[PDB]
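As structure tokens, the structure follows; a few thoughts come after it.
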Amino acid sequence: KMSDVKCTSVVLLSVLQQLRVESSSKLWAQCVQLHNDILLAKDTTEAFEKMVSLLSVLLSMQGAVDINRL
Amino acid sequence: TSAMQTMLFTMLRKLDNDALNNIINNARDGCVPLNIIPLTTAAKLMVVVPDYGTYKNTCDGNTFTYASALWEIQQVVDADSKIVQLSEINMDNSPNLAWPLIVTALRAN
Amino acid sequence: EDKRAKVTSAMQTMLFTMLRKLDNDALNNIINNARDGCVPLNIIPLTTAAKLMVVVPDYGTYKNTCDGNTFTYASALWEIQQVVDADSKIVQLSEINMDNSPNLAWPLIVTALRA
Amino acid sequence: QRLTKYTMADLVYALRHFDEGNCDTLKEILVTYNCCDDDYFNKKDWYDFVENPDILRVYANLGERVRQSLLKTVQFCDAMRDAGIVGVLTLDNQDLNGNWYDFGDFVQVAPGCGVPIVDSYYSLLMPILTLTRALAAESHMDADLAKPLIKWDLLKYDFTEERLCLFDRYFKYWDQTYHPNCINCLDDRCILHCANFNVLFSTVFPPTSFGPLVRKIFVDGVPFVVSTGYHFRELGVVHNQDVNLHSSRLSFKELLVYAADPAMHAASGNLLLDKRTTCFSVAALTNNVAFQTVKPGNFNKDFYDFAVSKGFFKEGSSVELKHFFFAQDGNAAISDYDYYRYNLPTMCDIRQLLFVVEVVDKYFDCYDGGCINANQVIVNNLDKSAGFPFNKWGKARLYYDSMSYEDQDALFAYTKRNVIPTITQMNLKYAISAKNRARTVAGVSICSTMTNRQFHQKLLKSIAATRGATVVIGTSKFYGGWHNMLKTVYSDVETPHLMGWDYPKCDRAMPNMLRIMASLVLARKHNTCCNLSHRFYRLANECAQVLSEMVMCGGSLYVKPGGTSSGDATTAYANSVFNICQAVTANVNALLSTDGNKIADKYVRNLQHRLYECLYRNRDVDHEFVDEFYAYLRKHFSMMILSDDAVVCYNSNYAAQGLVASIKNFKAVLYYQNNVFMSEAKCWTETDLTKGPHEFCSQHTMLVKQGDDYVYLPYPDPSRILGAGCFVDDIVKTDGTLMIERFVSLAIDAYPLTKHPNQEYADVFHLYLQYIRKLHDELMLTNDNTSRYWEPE
Ligand SMILES: [Zn+2]
Ligand SMILES: [Zn+2]
């Protein structure tokens, strides 16, 4: 599933950018590091662990909550 | 925007990873992380739990289950910033607690 | 000729704005102290800039560069007016220490004036 | 008596003919003289300059020893002159404490009438004088490292007397005219000669004394600070001539010159202390530091899903999705600027450089050139940034559509009599890669590119239109072009093998001496339309504009120590002049370093002899020898060169004997010429010419059947084609026309993969065509449109 995880990472960091995660340099840098480690991954175990941590940024932010409609 | 979120959640459902499904599903009930979910041993995770019905399914004594990992609960603090004991979070005392509660736990190896 | 006219106006406006900022006593002193009126460009900011910007990537560098209200640089004593972080927020000097180092948006930018 | 174990010859050899496996001479010298301990050599890659930069601190511990040898040589030379002794000074007659011995080649003629011959002595030492920081002591008050640093006057900008004092103290007997200020040189050879000394002498002068030189001038009674000259580390001080004070109004042209001139921006800015970098900076133009990020690639889900349904991106397959647009953090742009820290002052063996450049010139002796006027300049990329501050108003169209041709010619003429020290701007690039490293571009300004085209475009266009030559720029791979380029390099080599090599950190470590050499070679066409003074000012402007310019990053101006610029008109060509120079240098060294008496072929044995004697003697250019050496290289070391990418078809029977450069010669040459270590892991060798070069122009080569004959085709890495399909630059989301055009171009590049034995590679082409047919039906491409691309017309 490595190709799907890497493609997902691109979509996920892109929405974090749309939500202005770039505003806080501490958080953006963490988000970029999780993202690039997924893209450079060989082991899907690690790629998923990084995806969990990166996804939690999106789930943590409030107001812009889309998951409620799932 | 809406297109990106549509693709993102569609792709996450297709991956169908248990940790990803657990964090999205908890988030859908109002139970979200406060920080980036830690990956290393004894790293600290903080989450918010909106009610007892959610709490009883994620916490058992001092063990917290989240993102397909166990976490060791160190402390629980309520919405009025008071300390709540684990023995006090139950069906009989719940009506008097300042929910949502913040649950602090470390990754259990 | 509209393209040329817009460029001409923009260029003149820019150069004159800079001249108002540029013409001062320190500049006259550096030129007058030249043997023939010519000086290196790279020594003008060191002589004429009243304001110094310091960009610091971490706490250890901060402590050895701008510890407290004043510091010495380019043979001048500088007085800190403000510290702004990488998120463009104001940081107090009392907030920059080793214990709170992990909580700041490093690098920090220190603004100081010649004492 | 009481001489050291090793001689100056062994130190120079060990540093210039460096090979990590056989480096015992160097390791023993460094331990013996306490430059480092023995444990130092257990560090992974202890010898590199990019990784483990600490090696420079270690080589620097030889610097005092090296200057002591230079000083003893001068004292020796004075003594033999007074004694009436005539003779040759060599490095194997001087030990590592600087003591002289065994004067067998020395004879007496008459008291007071002797003369040392030091042309090989100093030239052989020259590359290690900057490597070991031989003049570091001269930064101290008594030229003594045990004492305080010289309290240099910040306002001093000339240093002519100081350079002459150093020259006559260390190189007293170098019997060739030195002109600290290169503006006074008679030809281009005399500029490289003098610049090479300036590189060494300029390292003991303060960093603030170099760069634009300014004066206070007035317009309508209002004072301005403008550049009226420039102090170059390599060229000395160059003054402007068209300096006019108490003018009434400025012309459009004067506004362009002043707007581009940092004197107005830096002198008026904030003082900047930037601790995120080790590079020298001048001023902040703002009160708020700017940071710059790079967003993720725009994922084309429809393409990806389409490909998945066809069997792509499956586990265990040979074709992976490896190429992505990686996001960047805040402090990326500066970490990119900080790689200029690897450009070190580098002194060259001048006797060798002045030979190699003649051979290099022969390689370009079939191209046209000269100066063209403004109305002869072709500019297609008018949507290119005009650079700082011009880019606050518009793109190049804005300036090209404003200035008349007469004004464009006048700006050009200005640069033939003065120097305009422009500002360029660096920016992060959004692009696809297999790596997460930062990538940038250079926003070279309009006040440089507008005049660089008038000076160089005729040549650059001639090179780009010429096929069959060594430097191949602008030659299409299509319609048999790849095949023809390969046959051109293969030529008639007797026992052909193919080689390529890598230039570790090229756009950053390339020294200013080789950058000057390259601009001097490209400027050699200006003989019937440019006098000597004009050729010098044009060099001074190219240097001020792209070697030591001011570069804006974020919100501030930093000084560039050297390297190349991706936004300039000549980089694609100047890099080929360089690639040839390094390849020629490797062949000159490959032959001179071998044992001339172990050569069975009398011809080559005589070539090696005469090569030595055309470098360190016979200073006048021997054009017949150069033609002969050049012909030798054409026959046994056939090169195909593109900007920082080369293929060589060489005669392995000669390379085996050390008569032709091999990869080990390139490794040694790069080590001391560009101060970089080149790993063999990044260099390919191929023995079977049935297959083409492993990689050239980032493409692989295979021989396939076509037309009941055989041809060579290039092919892309399938992981890049699928990555390119999958991620976009966010411009095709609104117009299917653009989506189709990029997919068709990718489909064409993927075409040769159908000839490949690996079916999974062939499938990428077929995937693209089915996708394109779908796009054309929704909005036709067939396999015939892609097949015709490799069929000669
Ligand atoms: Zn000269
Ligand atoms: Zn000319």
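Chains as they are written, first to last, in the numbering used here: chain A, 1 to 70; chain B, 1001 to 1109; chain C, 2001 to 2115; chain D, 3001 to 3793. For every residue, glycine included, the Cβ atom is placed at its ideal position computed from N, Cα and C.
Might you give, ordered along the chain, the residues of its own chain that have their beta carbon closer than 7 Å to the beta carbon of residue i, omitting 5 neighbours on each side?
| i | result |
| --- | --- |
| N1062/B | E1072, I1073 and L1086 |
| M3780/D | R3773 |
Given 7 Å as the limit, tell me if residue i has its C-beta closer than that to any heavy atom belonging to ligand 2.
| i | result |
| --- | --- |
| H3323/D | no |
| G3707/D | no |
| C3543/D | no |
| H3456/D | no |
| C3035/D | no |
| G3596/D | no |
| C3697/D | no |
| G3369/D | no |
| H35/A | no |
| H3140/D | no |
| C3348/D | no |
For residue i and residue j, what's the separation of their Cα atoms in angstroms?
| i | j | result |
| --- | --- | --- |
| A3586/D | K3667/D | 9 Å |
| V3219/D | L3245/D | 7 Å |
| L3145/D | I3516/D | 32 Å |
| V3711/D | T3475/D | 17 Å |
| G3316/D | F3478/D | 33 Å |
| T2013/C | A3396/D | 20 Å |
| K1082/B | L1101/B | 10 Å |
| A3327/D | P3262/D | 32 Å |
| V3441/D | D3568/D | 11 Å |
| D3095/D | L3591/D | 26 Å |
| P3053/D | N3512/D | 20 Å |
| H35/A | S53/A | 10 Å |
| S3533/D | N3541/D | 12 Å |
Taking 7 Å as the cut-off, is the beta-carbon of residue i closer than that to any non-hydrogen atom of ligand 1?
| i | result |
| --- | --- |
| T3177/D | yes |
| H3193/D | yes |
| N3653/D | no |
| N3380/D | no |
| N3184/D | yes |
Using a Cβ-Cβ cut-off of 6 Å (strictly less than) and excluding sequence neighbours within five positions of residue i, which residues of its own chain qualify?
| i | result |
| --- | --- |
| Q3001/D | none |
| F3224/D | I3217 |
| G3736/D | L3779 |
| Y3157/D | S3209, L3213 and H3231 |
| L3135/D | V3204 |
| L3272/D | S3281, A3283, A3284 and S3556 |
| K2063/C | none |
What do you reckon, are the CB atoms on residue i and residue j nearer than 8 Å?
| i | j | result |
| --- | --- | --- |
| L2041/C | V3214/D | yes |
| residue 2962/D | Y3340/D | There is simply no residue 2962/D to check, as chain D begins at 3001 and stops at 3793 in what is shown. |
| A3574/D | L3539/D | no |
| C3194/D | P3180/D | yes |
| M2018/C | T2111/C | no |
| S3643/D | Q3545/D | no |
| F3103/D | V3086/D | no |
| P3752/D | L3713/D | yes |
| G3063/D | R3133/D | yes |
| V3471/D | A3518/D | no |
Beta-carbon within less than 8 Å of residue i's beta-carbon, same chain only, minus the 5 sequence neighbours each way: which residues are those?
| i | result |
| --- | --- |
| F3252/D | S3402, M3403 and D3407 |
| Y3789/D | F3478, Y3479, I3748 and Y3751 |
**Message:** Quick check on the DSSP output: what are the complete alpha helix (DSSP H) runs of length 4 or more inside the stretch 3163-3224 of chain D, in order along the chain?
**Reply:** Counting whole runs of 4 or more residues, the stretch 3163-3224 of chain D contains the alpha helix (DSSP H) stretches 3189-3201.
**Asked** At what residue ranges does the stretch 3077-3143 of chain D contain a whole run of the beta strand (DSSP E), taking only runs of 3 or more?
**Response** 3085-3088 and 3115-3117
**Prompt:** Which runs of the alpha helix (DSSP H), 4 residues or longer, sit entirely within the stretch 3006-3053 of chain D?
**Reply:** 3008-3016 and 3024-3032
**Uninterrupted alpha helix (DSSP H) stretches inside the stretch 3472-3510 of chain D (no shorter than 4 residues)** = Whole alpha helix (DSSP H) segments, 4+ residues: 3481-3490 and 3506-3509.
**Asked** What runs of the beta strand (DSSP E), each 3 residues or longer, lie entirely inside the stretch 2045-2112 of chain C?
**Response** List check, beta strand (DSSP E) in window: 2051-2056, 2070-2073 and 2076-2084.
**Ordered list of beta strand (DSSP E) runs contained in the stretch 3660-3714 of chain D, each at least 3 residues** = 3700-3705
**Request:** Starting from the N-terminal side, write out each stretch of the alpha helix (DSSP H) that is 4 residues or longer and does not extend beyond the stretch 3411-3476 of chain D.
**Result:** 3446-3464
**Request:** Taking only runs that begin and end inside the stretch 3607-3663 of chain D, name each unbroken alpha helix (DSSP H) of 4 or more residues, in chain order.
**Result:** 3623-3636 and 3652-3655
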